[PDB]
Structure formats: structure tokens, C-alpha cells
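To keep things clear, I will list the structure first and then write my remarks on it.
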Amino acid sequence: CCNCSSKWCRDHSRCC
């Protein structure tokens with residue numbers, strides 16, 4: 001999935 005180091009990842013993905 002994306003990286004939790006970027007707000008986009010936390011917003012464009014629920015893997016965080």
C-alpha cells in the first residue's frame with residue numbers, strides 16, 4: 001500500500 005509518511009496515503013488509503 002502507500003506510505004503512512006504522507007497525508008495522501010492516509011487519506012487515499014486505509015492501510016494506515
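The way I read the labels, and the way they are meant: chains A, B, ... in the order of the C-alpha cells, residue 1 as the first residue of every chain, and ligand 1 as the first ligand shown, with later ones counted on from there.
Those residues that approach residue 15 (chain A) to within 8 Å, counting only C-alpha atoms, are residues 1, 2 and 10 of chain A; same-chain residues fewer than 4 positions away are not listed.
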Residue selection dump (C-alpha atoms) as a PDB file, in the first residue's frame:
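Below is the file that was written, selection.pdb:
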ATOM      1  CA  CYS A   1       0.000   0.000   0.000  1.00  0.00           C
ATOM      2  CA  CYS A   2       1.088   3.662   0.189  1.00  0.00           C
ATOM      3  CA  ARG A  10      -3.524   8.073   4.979  1.00  0.00           C
TER       4      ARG A  10
END
(message) as number ranges by chain, please: every residue in chain A that a backbone DSSP assignment puts in helix (DSSP H, G or I).
(response) A: 7-12
